[PDB]
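Colleague: Just so it is clear, I am handing over run-v9.tsv, which has TSV, N, CA and C atoms and all ligand atoms.
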```
chain	number	residue	atom	x	y	z
A	1	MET	N	12.66	5.30	-26.47
A	1	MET	CA	12.62	6.72	-26.01
A	1	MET	C	11.47	7.47	-26.67
A	2	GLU	N	11.30	8.73	-26.31
A	2	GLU	CA	10.25	9.56	-26.89
A	2	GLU	C	10.73	10.15	-28.21
A	3	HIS	N	9.99	9.90	-29.29
A	3	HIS	CA	10.42	10.42	-30.59
A	3	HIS	C	9.72	11.74	-30.88
A	4	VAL	N	10.39	12.79	-30.43
A	4	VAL	CA	10.02	14.18	-30.58
A	4	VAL	C	11.23	14.93	-31.13
A	5	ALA	N	11.05	15.62	-32.26
A	5	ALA	CA	12.18	16.29	-32.88
A	5	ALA	C	12.36	17.71	-32.35
A	6	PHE	N	13.61	18.07	-32.10
A	6	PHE	CA	13.91	19.41	-31.62
A	6	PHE	C	13.49	20.44	-32.66
A	7	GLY	N	12.80	21.47	-32.20
A	7	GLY	CA	12.28	22.56	-32.99
A	7	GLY	C	11.05	22.19	-33.80
A	8	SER	N	10.39	21.09	-33.44
A	8	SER	CA	9.17	20.67	-34.13
A	8	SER	C	8.09	21.74	-33.99
A	9	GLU	N	7.30	21.91	-35.04
A	9	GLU	CA	6.23	22.90	-35.10
A	9	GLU	C	5.18	22.71	-34.01
A	10	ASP	N	4.76	21.48	-33.72
A	10	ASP	CA	3.71	21.35	-32.70
A	10	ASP	C	4.23	20.74	-31.40
A	11	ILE	N	5.43	21.13	-30.99
A	11	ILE	CA	6.06	20.52	-29.82
A	11	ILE	C	5.31	20.83	-28.53
A	12	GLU	N	4.61	21.95	-28.44
A	12	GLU	CA	3.91	22.28	-27.20
A	12	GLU	C	2.68	21.40	-27.01
A	13	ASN	N	2.08	20.93	-28.11
A	13	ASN	CA	0.96	20.00	-28.02
A	13	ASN	C	1.43	18.61	-27.61
A	14	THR	N	2.55	18.18	-28.20
A	14	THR	CA	3.05	16.85	-27.91
A	14	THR	C	3.52	16.75	-26.46
A	15	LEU	N	4.29	17.73	-26.01
A	15	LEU	CA	4.82	17.67	-24.64
A	15	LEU	C	3.75	17.97	-23.60
A	16	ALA	N	2.52	18.20	-24.04
A	16	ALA	CA	1.46	18.47	-23.07
A	16	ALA	C	0.98	17.17	-22.42
A	17	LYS	N	1.30	16.05	-23.05
A	17	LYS	CA	0.89	14.73	-22.59
A	17	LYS	C	1.96	14.02	-21.78
A	18	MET	N	3.14	14.63	-21.67
A	18	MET	CA	4.28	14.01	-21.01
A	18	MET	C	4.40	14.35	-19.53
A	19	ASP	N	4.42	13.31	-18.71
A	19	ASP	CA	4.71	13.44	-17.29
A	19	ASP	C	6.22	13.56	-17.09
A	20	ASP	N	6.66	13.85	-15.87
A	20	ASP	CA	8.08	13.99	-15.59
A	20	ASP	C	8.87	12.79	-16.10
A	21	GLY	N	8.29	11.61	-15.96
A	21	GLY	CA	8.93	10.39	-16.43
A	21	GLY	C	9.12	10.36	-17.93
A	22	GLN	N	8.10	10.81	-18.67
A	22	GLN	CA	8.19	10.80	-20.12
A	22	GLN	C	9.21	11.82	-20.62
A	23	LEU	N	9.22	13.00	-20.00
A	23	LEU	CA	10.15	14.06	-20.38
A	23	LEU	C	11.59	13.56	-20.39
A	24	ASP	N	11.90	12.66	-19.45
A	24	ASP	CA	13.21	12.08	-19.29
A	24	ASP	C	13.59	11.15	-20.44
A	25	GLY	N	12.69	10.96	-21.41
A	25	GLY	CA	12.96	10.11	-22.55
A	25	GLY	C	13.18	10.88	-23.83
A	26	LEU	N	13.37	12.19	-23.73
A	26	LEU	CA	13.59	13.07	-24.86
A	26	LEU	C	15.07	13.09	-25.26
A	27	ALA	N	15.29	13.33	-26.55
A	27	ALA	CA	16.61	13.39	-27.16
A	27	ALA	C	17.34	14.69	-26.86
A	28	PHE	N	16.64	15.65	-26.26
A	28	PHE	CA	17.17	16.97	-25.95
A	28	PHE	C	16.74	17.43	-24.56
A	29	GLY	N	17.44	18.43	-24.05
A	29	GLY	CA	17.16	19.03	-22.76
A	29	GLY	C	15.86	19.82	-22.80
A	30	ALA	N	15.08	19.73	-21.73
A	30	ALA	CA	13.79	20.39	-21.62
A	30	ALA	C	13.58	20.94	-20.21
A	31	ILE	N	13.30	22.24	-20.14
A	31	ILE	CA	13.00	22.92	-18.89
A	31	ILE	C	11.62	23.57	-18.98
A	32	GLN	N	10.80	23.41	-17.95
A	32	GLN	CA	9.56	24.17	-17.94
A	32	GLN	C	9.63	25.27	-16.88
A	33	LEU	N	9.38	26.50	-17.29
A	33	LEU	CA	9.39	27.63	-16.37
A	33	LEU	C	8.00	28.24	-16.22
A	34	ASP	N	7.79	28.83	-15.04
A	34	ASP	CA	6.61	29.66	-14.84
A	34	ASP	C	6.93	31.07	-15.34
A	35	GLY	N	5.97	31.98	-15.29
A	35	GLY	CA	6.18	33.32	-15.79
A	35	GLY	C	7.23	34.10	-15.02
A	36	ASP	N	7.56	33.62	-13.81
A	36	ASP	CA	8.56	34.34	-13.03
A	36	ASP	C	9.94	33.73	-13.22
A	37	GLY	N	9.97	32.61	-13.95
A	37	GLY	CA	11.20	31.92	-14.23
A	37	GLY	C	11.58	30.85	-13.22
A	38	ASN	N	10.65	30.45	-12.36
A	38	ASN	CA	10.89	29.33	-11.46
A	38	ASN	C	10.80	28.01	-12.23
A	39	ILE	N	11.68	27.08	-11.89
A	39	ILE	CA	11.80	25.79	-12.54
A	39	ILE	C	10.74	24.80	-12.06
A	40	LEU	N	9.97	24.28	-13.02
A	40	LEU	CA	8.84	23.41	-12.72
A	40	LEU	C	9.11	21.97	-13.14
A	41	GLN	N	9.83	21.85	-14.24
A	41	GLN	CA	10.29	20.58	-14.77
A	41	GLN	C	11.72	20.75	-15.28
A	42	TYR	N	12.48	19.67	-15.22
A	42	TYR	CA	13.88	19.70	-15.63
A	42	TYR	C	14.28	18.25	-15.93
A	43	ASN	N	14.47	17.93	-17.20
A	43	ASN	CA	14.61	16.51	-17.55
A	43	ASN	C	16.05	16.02	-17.52
A	44	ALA	N	16.17	14.70	-17.63
A	44	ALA	CA	17.43	13.99	-17.58
A	44	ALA	C	18.42	14.52	-18.61
A	45	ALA	N	17.99	14.67	-19.86
A	45	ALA	CA	18.96	15.14	-20.86
A	45	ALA	C	19.51	16.51	-20.49
A	46	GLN	N	18.69	17.40	-19.94
A	46	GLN	CA	19.22	18.71	-19.54
A	46	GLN	C	20.32	18.50	-18.49
A	47	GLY	N	20.05	17.61	-17.55
A	47	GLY	CA	20.97	17.31	-16.46
A	47	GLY	C	22.27	16.70	-16.96
A	48	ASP	N	22.22	15.98	-18.07
A	48	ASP	CA	23.43	15.44	-18.67
A	48	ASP	C	24.31	16.55	-19.24
A	49	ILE	N	23.65	17.59	-19.72
A	49	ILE	CA	24.35	18.70	-20.36
A	49	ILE	C	24.95	19.65	-19.34
A	50	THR	N	24.25	19.97	-18.26
A	50	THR	CA	24.67	21.01	-17.33
A	50	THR	C	25.29	20.48	-16.04
A	51	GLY	N	25.12	19.20	-15.76
A	51	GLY	CA	25.62	18.62	-14.53
A	51	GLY	C	24.68	18.79	-13.36
A	52	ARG	N	23.64	19.61	-13.48
A	52	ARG	CA	22.70	19.80	-12.38
A	52	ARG	C	21.88	18.53	-12.15
A	53	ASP	N	21.62	18.24	-10.88
A	53	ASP	CA	20.70	17.15	-10.52
A	53	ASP	C	19.27	17.66	-10.58
A	54	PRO	N	18.49	17.16	-11.53
A	54	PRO	CA	17.14	17.66	-11.81
A	54	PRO	C	16.27	17.88	-10.58
A	55	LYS	N	16.23	16.92	-9.66
A	55	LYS	CA	15.38	17.07	-8.48
A	55	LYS	C	15.80	18.28	-7.65
A	56	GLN	N	17.09	18.58	-7.67
A	56	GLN	CA	17.69	19.60	-6.83
A	56	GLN	C	17.44	21.03	-7.30
A	57	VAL	N	17.13	21.21	-8.58
A	57	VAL	CA	16.91	22.52	-9.17
A	57	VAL	C	15.44	22.86	-9.30
A	58	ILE	N	14.55	21.88	-9.16
A	58	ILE	CA	13.13	22.22	-9.29
A	58	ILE	C	12.69	23.11	-8.13
A	59	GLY	N	12.08	24.25	-8.43
A	59	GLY	CA	11.70	25.19	-7.39
A	59	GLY	C	12.57	26.41	-7.29
A	60	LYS	N	13.83	26.31	-7.72
A	60	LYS	CA	14.73	27.46	-7.72
A	60	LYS	C	14.42	28.34	-8.92
A	61	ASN	N	14.93	29.56	-8.90
A	61	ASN	CA	14.75	30.49	-10.01
A	61	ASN	C	15.89	30.35	-11.01
A	62	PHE	N	15.54	30.05	-12.26
A	62	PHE	CA	16.52	29.81	-13.31
A	62	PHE	C	17.48	30.98	-13.48
A	63	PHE	N	16.92	32.18	-13.57
A	63	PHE	CA	17.74	33.35	-13.88
A	63	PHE	C	18.49	33.88	-12.67
A	64	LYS	N	17.97	33.66	-11.47
A	64	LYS	CA	18.59	34.21	-10.27
A	64	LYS	C	19.64	33.28	-9.67
A	65	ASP	N	19.23	32.05	-9.43
A	65	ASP	CA	19.94	31.03	-8.68
A	65	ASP	C	20.72	30.05	-9.54
A	66	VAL	N	20.08	29.50	-10.56
A	66	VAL	CA	20.68	28.38	-11.28
A	66	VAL	C	21.56	28.80	-12.44
A	67	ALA	N	21.08	29.73	-13.25
A	67	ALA	CA	21.80	30.06	-14.48
A	67	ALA	C	22.01	31.55	-14.68
A	68	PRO	N	22.84	32.17	-13.83
A	68	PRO	CA	23.05	33.62	-13.90
A	68	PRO	C	23.65	34.08	-15.22
A	69	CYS	N	24.23	33.17	-15.99
A	69	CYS	CA	24.86	33.53	-17.25
A	69	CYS	C	23.78	33.82	-18.30
A	70	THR	N	22.56	33.40	-18.01
A	70	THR	CA	21.42	33.67	-18.88
A	70	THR	C	20.75	34.99	-18.48
A	71	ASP	N	21.23	35.60	-17.40
A	71	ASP	CA	20.69	36.88	-16.94
A	71	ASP	C	21.33	38.01	-17.74
A	72	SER	N	20.72	38.28	-18.89
A	72	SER	CA	21.22	39.11	-19.96
A	72	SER	C	20.10	39.47	-20.93
A	73	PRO	N	20.17	40.61	-21.60
A	73	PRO	CA	19.13	40.90	-22.60
A	73	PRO	C	19.00	39.79	-23.64
A	74	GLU	N	20.08	39.09	-23.97
A	74	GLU	CA	20.09	38.07	-25.01
A	74	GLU	C	19.34	36.79	-24.67
A	75	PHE	N	19.09	36.53	-23.39
A	75	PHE	CA	18.40	35.32	-22.97
A	75	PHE	C	17.17	35.71	-22.16
A	76	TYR	N	17.44	36.15	-20.93
A	76	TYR	CA	16.42	36.62	-20.00
A	76	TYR	C	15.62	37.78	-20.58
A	77	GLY	N	16.27	38.69	-21.31
A	77	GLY	CA	15.54	39.80	-21.91
A	77	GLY	C	14.44	39.30	-22.83
A	78	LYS	N	14.77	38.31	-23.65
A	78	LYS	CA	13.82	37.72	-24.59
A	78	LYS	C	12.69	36.98	-23.89
A	79	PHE	N	13.03	36.30	-22.79
A	79	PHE	CA	12.06	35.61	-21.97
A	79	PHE	C	11.02	36.57	-21.39
A	80	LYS	N	11.54	37.59	-20.70
A	80	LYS	CA	10.69	38.56	-20.03
A	80	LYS	C	9.73	39.22	-21.02
A	81	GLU	N	10.17	39.44	-22.25
A	81	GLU	CA	9.34	40.01	-23.30
A	81	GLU	C	8.23	39.06	-23.71
A	82	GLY	N	8.57	37.79	-23.92
A	82	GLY	CA	7.54	36.81	-24.28
A	82	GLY	C	6.48	36.71	-23.21
A	83	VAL	N	6.91	36.57	-21.96
A	83	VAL	CA	5.94	36.49	-20.87
A	83	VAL	C	5.05	37.72	-20.86
A	84	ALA	N	5.63	38.90	-21.01
A	84	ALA	CA	4.86	40.14	-21.02
A	84	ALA	C	3.97	40.23	-22.24
A	85	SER	N	4.41	39.64	-23.35
A	85	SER	CA	3.62	39.69	-24.58
A	85	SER	C	2.60	38.56	-24.63
A	86	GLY	N	2.85	37.51	-23.85
A	86	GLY	CA	1.95	36.37	-23.80
A	86	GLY	C	2.17	35.42	-24.96
A	87	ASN	N	3.30	35.60	-25.63
A	87	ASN	CA	3.67	34.78	-26.78
A	87	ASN	C	5.20	34.69	-26.86
A	88	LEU	N	5.70	33.50	-27.20
A	88	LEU	CA	7.13	33.30	-27.31
A	88	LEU	C	7.49	32.13	-28.22
A	89	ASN	N	8.33	32.40	-29.20
A	89	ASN	CA	8.89	31.37	-30.07
A	89	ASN	C	10.21	31.87	-30.66
A	90	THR	N	11.32	31.43	-30.07
A	90	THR	CA	12.61	31.92	-30.57
A	90	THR	C	13.72	30.89	-30.36
A	91	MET	N	14.64	30.89	-31.32
A	91	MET	CA	15.69	29.88	-31.36
A	91	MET	C	17.03	30.53	-31.68
A	92	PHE	N	17.98	30.25	-30.80
A	92	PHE	CA	19.26	30.93	-30.86
A	92	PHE	C	20.35	30.09	-30.19
A	93	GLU	N	21.60	30.43	-30.52
A	93	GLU	CA	22.72	29.72	-29.90
A	93	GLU	C	23.22	30.52	-28.70
A	94	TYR	N	23.81	29.83	-27.74
A	94	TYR	CA	24.28	30.46	-26.51
A	94	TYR	C	25.38	29.59	-25.89
A	95	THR	N	26.15	30.17	-24.98
A	95	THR	CA	27.15	29.41	-24.25
A	95	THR	C	26.86	29.38	-22.75
A	96	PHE	N	26.77	28.17	-22.21
A	96	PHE	CA	26.55	27.99	-20.78
A	96	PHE	C	27.91	27.88	-20.10
A	97	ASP	N	28.27	28.74	-19.15
A	97	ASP	CA	29.61	28.67	-18.59
A	97	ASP	C	29.68	28.90	-17.08
A	98	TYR	N	28.57	28.73	-16.37
A	98	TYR	CA	28.59	28.90	-14.93
A	98	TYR	C	28.93	27.62	-14.18
A	99	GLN	N	30.10	27.58	-13.55
A	99	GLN	CA	30.43	26.43	-12.70
A	99	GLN	C	30.50	25.16	-13.55
A	100	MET	N	30.83	25.35	-14.82
A	100	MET	CA	30.89	24.27	-15.80
A	100	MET	C	31.83	24.62	-16.95
A	101	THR	N	32.22	23.60	-17.72
A	101	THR	CA	33.02	23.88	-18.91
A	101	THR	C	32.15	24.62	-19.92
A	102	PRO	N	32.67	25.67	-20.54
A	102	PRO	CA	31.89	26.44	-21.51
A	102	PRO	C	31.28	25.53	-22.57
A	103	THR	N	29.94	25.50	-22.61
A	103	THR	CA	29.25	24.59	-23.53
A	103	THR	C	28.32	25.35	-24.47
A	104	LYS	N	28.56	25.17	-25.76
A	104	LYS	CA	27.73	25.78	-26.79
A	104	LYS	C	26.50	24.91	-27.05
A	105	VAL	N	25.36	25.56	-27.05
A	105	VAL	CA	24.06	24.94	-27.19
A	105	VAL	C	23.15	25.73	-28.13
A	106	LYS	N	22.20	25.03	-28.72
A	106	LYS	CA	21.10	25.68	-29.42
A	106	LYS	C	19.91	25.73	-28.47
A	107	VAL	N	19.33	26.90	-28.27
A	107	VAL	CA	18.22	27.08	-27.35
A	107	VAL	C	16.94	27.44	-28.11
A	108	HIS	N	15.87	26.73	-27.79
A	108	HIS	CA	14.55	27.08	-28.31
A	108	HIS	C	13.60	27.37	-27.16
A	109	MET	N	13.08	28.59	-27.10
A	109	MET	CA	12.11	28.98	-26.10
A	109	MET	C	10.72	29.06	-26.73
A	110	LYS	N	9.72	28.47	-26.08
A	110	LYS	CA	8.39	28.53	-26.67
A	110	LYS	C	7.32	28.43	-25.59
A	111	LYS	N	6.30	29.27	-25.71
A	111	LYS	CA	5.21	29.25	-24.73
A	111	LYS	C	4.56	27.88	-24.67
A	112	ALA	N	4.24	27.42	-23.45
A	112	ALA	CA	3.54	26.13	-23.40
A	112	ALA	C	2.10	26.36	-23.85
A	113	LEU	N	1.35	25.28	-24.06
A	113	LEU	CA	-0.04	25.42	-24.49
A	113	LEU	C	-0.91	26.00	-23.38
A	114	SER	N	-0.79	25.42	-22.19
A	114	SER	CA	-1.62	25.78	-21.06
A	114	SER	C	-0.96	26.82	-20.15
A	115	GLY	N	-1.79	27.43	-19.31
A	115	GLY	CA	-1.46	28.39	-18.30
A	115	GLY	C	-0.28	29.29	-18.61
A	116	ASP	N	0.38	29.72	-17.54
A	116	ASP	CA	1.51	30.64	-17.59
A	116	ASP	C	2.83	29.89	-17.50
A	117	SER	N	3.03	28.93	-18.41
A	117	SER	CA	4.26	28.15	-18.40
A	117	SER	C	5.01	28.31	-19.71
A	118	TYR	N	6.33	28.16	-19.65
A	118	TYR	CA	7.15	28.35	-20.84
A	118	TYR	C	8.22	27.28	-20.93
A	119	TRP	N	8.49	26.84	-22.15
A	119	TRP	CA	9.51	25.82	-22.40
A	119	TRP	C	10.84	26.43	-22.83
A	120	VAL	N	11.90	25.79	-22.38
A	120	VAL	CA	13.28	26.05	-22.76
A	120	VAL	C	13.90	24.73	-23.21
A	121	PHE	N	14.20	24.62	-24.50
A	121	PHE	CA	14.75	23.37	-25.03
A	121	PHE	C	16.19	23.61	-25.48
A	122	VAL	N	17.05	22.64	-25.22
A	122	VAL	CA	18.48	22.76	-25.36
A	122	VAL	C	19.11	21.50	-25.93
A	123	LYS	N	19.97	21.71	-26.92
A	123	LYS	CA	20.77	20.62	-27.49
A	123	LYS	C	22.16	21.14	-27.82
A	124	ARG	N	23.13	20.22	-27.83
A	124	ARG	CA	24.49	20.60	-28.19
A	124	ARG	C	24.61	20.94	-29.68
A	125	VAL	N	25.54	21.82	-29.99
A	125	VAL	CA	25.92	22.20	-31.35
A	125	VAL	C	27.43	22.05	-31.54
B	1	LIG	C1	24.19	29.93	-17.75
B	1	LIG	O1	24.18	29.96	-16.48
B	1	LIG	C2	23.52	29.06	-18.54
B	1	LIG	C3	22.82	27.96	-18.44
B	1	LIG	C4	22.44	26.95	-17.49
B	1	LIG	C5	21.47	26.01	-17.76
B	1	LIG	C6	21.07	25.05	-16.90
B	1	LIG	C7	21.72	24.98	-15.62
B	1	LIG	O2	21.39	24.07	-14.69
B	1	LIG	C8	22.70	25.93	-15.35
B	1	LIG	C9	23.07	26.88	-16.23
```
Before we go any further, please render this structure as structure tokens.
Ligand SMILES: *C(=O)/C=C\c1ccc(O)cc1
Modeller:
Amino acid sequence: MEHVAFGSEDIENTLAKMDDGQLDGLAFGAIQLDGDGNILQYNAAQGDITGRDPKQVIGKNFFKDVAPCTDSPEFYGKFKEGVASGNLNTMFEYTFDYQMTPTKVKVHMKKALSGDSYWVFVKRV
């Protein structure tokens, strides 16, 4: 598998070399969003945690369609600020409970290296 540690300092540089196939070899869930919150990448580990079929969610809006429970100042509010500020690095716990068993996770959001893309990393706690 891919040996990348959750919350690593240079994770945006390392994941810059990973294709969709490589992302699926991570020890934790990984989502790539555009500045509007549309889903660009969604790896296997994330799909194990949420039950979503990765291919099926790419293209939908994370905050509108897929994960309305994140539509809150505590999640989406922080996202919208990072995008507007052009910088984002934050780590917090949250509960995912839409159409699923309530699951506690640690979330790390961080701006990608290139363009207008942002990472959302998730692991169980
Ligand atoms: C609330 O809706 C939280 C999270 C979440 C994450 C991924 C997917 O697919 C659904 C929901």
Colleague: Can you tell me, as a PDB file with N, CA and C atoms, in the frame of the given file, what residues are no more than 6.5 Å from segment 6-13 of chain A when counting all atoms listed in the file, ignoring any on the same chain fewer than 2 positions away?
Modeller:
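The result, written out as part-v9.pdb:
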```
ATOM      1  N   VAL A   4      10.390  12.790 -30.430  1.00  0.00           N
ATOM      2  CA  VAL A   4      10.020  14.180 -30.580  1.00  0.00           C
ATOM      3  C   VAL A   4      11.230  14.930 -31.130  1.00  0.00           C
ATOM      4  N   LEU A  15       4.290  17.730 -26.010  1.00  0.00           N
ATOM      5  CA  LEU A  15       4.820  17.670 -24.640  1.00  0.00           C
ATOM      6  C   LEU A  15       3.750  17.970 -23.600  1.00  0.00           C
ATOM      7  N   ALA A  16       2.520  18.200 -24.040  1.00  0.00           N
ATOM      8  CA  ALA A  16       1.460  18.470 -23.070  1.00  0.00           C
ATOM      9  C   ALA A  16       0.980  17.170 -22.420  1.00  0.00           C
ATOM     10  N   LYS A  17       1.300  16.050 -23.050  1.00  0.00           N
ATOM     11  CA  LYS A  17       0.890  14.730 -22.590  1.00  0.00           C
ATOM     12  C   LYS A  17       1.960  14.020 -21.780  1.00  0.00           C
ATOM     13  N   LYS A 111       6.300  29.270 -25.710  1.00  0.00           N
ATOM     14  CA  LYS A 111       5.210  29.250 -24.730  1.00  0.00           C
ATOM     15  C   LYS A 111       4.560  27.880 -24.670  1.00  0.00           C
ATOM     16  N   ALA A 112       4.240  27.420 -23.450  1.00  0.00           N
ATOM     17  CA  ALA A 112       3.540  26.130 -23.400  1.00  0.00           C
ATOM     18  C   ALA A 112       2.100  26.360 -23.850  1.00  0.00           C
ATOM     19  N   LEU A 113       1.350  25.280 -24.060  1.00  0.00           N
ATOM     20  CA  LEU A 113      -0.040  25.420 -24.490  1.00  0.00           C
ATOM     21  C   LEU A 113      -0.910  26.000 -23.380  1.00  0.00           C
TER      22      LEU A 113
END
```
Colleague: Using only N, CA and C atoms, can you list as a PyMOL selection string the residues within 7 Å of (21.7, 15.5, -23.2)?
Modeller: chain A and resi 27-29+44-49+123-124
Colleague: Between atom C of residue 115 of chain A and atom C of residue 87 of chain A, what is the spacing in Å?
Modeller: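 Those two atoms sit 11.3 Å apart.
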Colleague: Go through the chains and note each residue within 6 Å of ligand LIG 1 (chain B), using all atoms listed in the file, then give the set as JSON, numbers by chain.
Modeller: {"A": [50, 52, 66, 67, 68, 69, 70, 95, 96, 97, 98]}
Colleague: Just asking: which residues within segment 54-105 of chain A are helix (DSSP H, G or I) according to DSSP, as an NGL selection string?
Modeller: :A and (54-57 or 62-66 or 68-70 or 73-85)
Colleague: Would you export the selected residues with N, CA and C atoms as a PDB file, keeping the file's coordinate frame, please?
Modeller:
```
ATOM      1  N   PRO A  54      18.490  17.160 -11.530  1.00  0.00           N
ATOM      2  CA  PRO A  54      17.140  17.660 -11.810  1.00  0.00           C
ATOM      3  C   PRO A  54      16.270  17.880 -10.580  1.00  0.00           C
ATOM      4  N   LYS A  55      16.230  16.920  -9.660  1.00  0.00           N
ATOM      5  CA  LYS A  55      15.380  17.070  -8.480  1.00  0.00           C
ATOM      6  C   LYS A  55      15.800  18.280  -7.650  1.00  0.00           C
ATOM      7  N   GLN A  56      17.090  18.580  -7.670  1.00  0.00           N
ATOM      8  CA  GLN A  56      17.690  19.600  -6.830  1.00  0.00           C
ATOM      9  C   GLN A  56      17.440  21.030  -7.300  1.00  0.00           C
ATOM     10  N   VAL A  57      17.130  21.210  -8.580  1.00  0.00           N
ATOM     11  CA  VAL A  57      16.910  22.520  -9.170  1.00  0.00           C
ATOM     12  C   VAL A  57      15.440  22.860  -9.300  1.00  0.00           C
ATOM     13  N   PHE A  62      15.540  30.050 -12.260  1.00  0.00           N
ATOM     14  CA  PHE A  62      16.520  29.810 -13.310  1.00  0.00           C
ATOM     15  C   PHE A  62      17.480  30.980 -13.480  1.00  0.00           C
ATOM     16  N   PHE A  63      16.920  32.180 -13.570  1.00  0.00           N
ATOM     17  CA  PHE A  63      17.740  33.350 -13.880  1.00  0.00           C
ATOM     18  C   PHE A  63      18.490  33.880 -12.670  1.00  0.00           C
ATOM     19  N   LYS A  64      17.970  33.660 -11.470  1.00  0.00           N
ATOM     20  CA  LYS A  64      18.590  34.210 -10.270  1.00  0.00           C
ATOM     21  C   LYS A  64      19.640  33.280  -9.670  1.00  0.00           C
ATOM     22  N   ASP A  65      19.230  32.050  -9.430  1.00  0.00           N
ATOM     23  CA  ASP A  65      19.940  31.030  -8.680  1.00  0.00           C
ATOM     24  C   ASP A  65      20.720  30.050  -9.540  1.00  0.00           C
ATOM     25  N   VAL A  66      20.080  29.500 -10.560  1.00  0.00           N
ATOM     26  CA  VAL A  66      20.680  28.380 -11.280  1.00  0.00           C
ATOM     27  C   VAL A  66      21.560  28.800 -12.440  1.00  0.00           C
ATOM     28  N   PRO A  68      22.840  32.170 -13.830  1.00  0.00           N
ATOM     29  CA  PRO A  68      23.050  33.620 -13.900  1.00  0.00           C
ATOM     30  C   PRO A  68      23.650  34.080 -15.220  1.00  0.00           C
ATOM     31  N   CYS A  69      24.230  33.170 -15.990  1.00  0.00           N
ATOM     32  CA  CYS A  69      24.860  33.530 -17.250  1.00  0.00           C
ATOM     33  C   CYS A  69      23.780  33.820 -18.300  1.00  0.00           C
ATOM     34  N   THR A  70      22.560  33.400 -18.010  1.00  0.00           N
ATOM     35  CA  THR A  70      21.420  33.670 -18.880  1.00  0.00           C
ATOM     36  C   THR A  70      20.750  34.990 -18.480  1.00  0.00           C
ATOM     37  N   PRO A  73      20.170  40.610 -21.600  1.00  0.00           N
ATOM     38  CA  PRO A  73      19.130  40.900 -22.600  1.00  0.00           C
ATOM     39  C   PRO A  73      19.000  39.790 -23.640  1.00  0.00           C
ATOM     40  N   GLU A  74      20.080  39.090 -23.970  1.00  0.00           N
ATOM     41  CA  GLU A  74      20.090  38.070 -25.010  1.00  0.00           C
ATOM     42  C   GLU A  74      19.340  36.790 -24.670  1.00  0.00           C
ATOM     43  N   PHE A  75      19.090  36.530 -23.390  1.00  0.00           N
ATOM     44  CA  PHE A  75      18.400  35.320 -22.970  1.00  0.00           C
ATOM     45  C   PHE A  75      17.170  35.710 -22.160  1.00  0.00           C
ATOM     46  N   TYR A  76      17.440  36.150 -20.930  1.00  0.00           N
ATOM     47  CA  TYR A  76      16.420  36.620 -20.000  1.00  0.00           C
ATOM     48  C   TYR A  76      15.620  37.780 -20.580  1.00  0.00           C
ATOM     49  N   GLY A  77      16.270  38.690 -21.310  1.00  0.00           N
ATOM     50  CA  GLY A  77      15.540  39.800 -21.910  1.00  0.00           C
ATOM     51  C   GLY A  77      14.440  39.300 -22.830  1.00  0.00           C
ATOM     52  N   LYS A  78      14.770  38.310 -23.650  1.00  0.00           N
ATOM     53  CA  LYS A  78      13.820  37.720 -24.590  1.00  0.00           C
ATOM     54  C   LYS A  78      12.690  36.980 -23.890  1.00  0.00           C
ATOM     55  N   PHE A  79      13.030  36.300 -22.790  1.00  0.00           N
ATOM     56  CA  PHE A  79      12.060  35.610 -21.970  1.00  0.00           C
ATOM     57  C   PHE A  79      11.020  36.570 -21.390  1.00  0.00           C
ATOM     58  N   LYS A  80      11.540  37.590 -20.700  1.00  0.00           N
ATOM     59  CA  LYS A  80      10.690  38.560 -20.030  1.00  0.00           C
ATOM     60  C   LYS A  80       9.730  39.220 -21.020  1.00  0.00           C
ATOM     61  N   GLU A  81      10.170  39.440 -22.250  1.00  0.00           N
ATOM     62  CA  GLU A  81       9.340  40.010 -23.300  1.00  0.00           C
ATOM     63  C   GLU A  81       8.230  39.060 -23.710  1.00  0.00           C
ATOM     64  N   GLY A  82       8.570  37.790 -23.920  1.00  0.00           N
ATOM     65  CA  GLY A  82       7.540  36.810 -24.280  1.00  0.00           C
ATOM     66  C   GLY A  82       6.480  36.710 -23.210  1.00  0.00           C
ATOM     67  N   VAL A  83       6.910  36.570 -21.960  1.00  0.00           N
ATOM     68  CA  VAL A  83       5.940  36.490 -20.870  1.00  0.00           C
ATOM     69  C   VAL A  83       5.050  37.720 -20.860  1.00  0.00           C
ATOM     70  N   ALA A  84       5.630  38.900 -21.010  1.00  0.00           N
ATOM     71  CA  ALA A  84       4.860  40.140 -21.020  1.00  0.00           C
ATOM     72  C   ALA A  84       3.970  40.230 -22.240  1.00  0.00           C
ATOM     73  N   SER A  85       4.410  39.640 -23.350  1.00  0.00           N
ATOM     74  CA  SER A  85       3.620  39.690 -24.580  1.00  0.00           C
ATOM     75  C   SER A  85       2.600  38.560 -24.630  1.00  0.00           C
TER      76      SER A  85
END
```
Colleague: Please identify which residues in chain A DSSP calls strand (DSSP E) from the backbone, and express them as a PyMOL selection string.
Modeller: chain A and resi 29-34+39-42+89-96+103-111+117-124
Colleague: Which of these residues is nearest to residue 58 of chain A, using only C-alpha atoms: A:20, A:92, A:86, A:76?
Modeller: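 The answer is A:20, which sits nearest to residue 58 of chain A.
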Colleague: So, with only C-alpha atoms as the atoms that count, which of A:61, A:103, A:41, A:22 lies closest to residue 121 of chain A?
Modeller: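 The closest residue to residue 121 of chain A is A:41.
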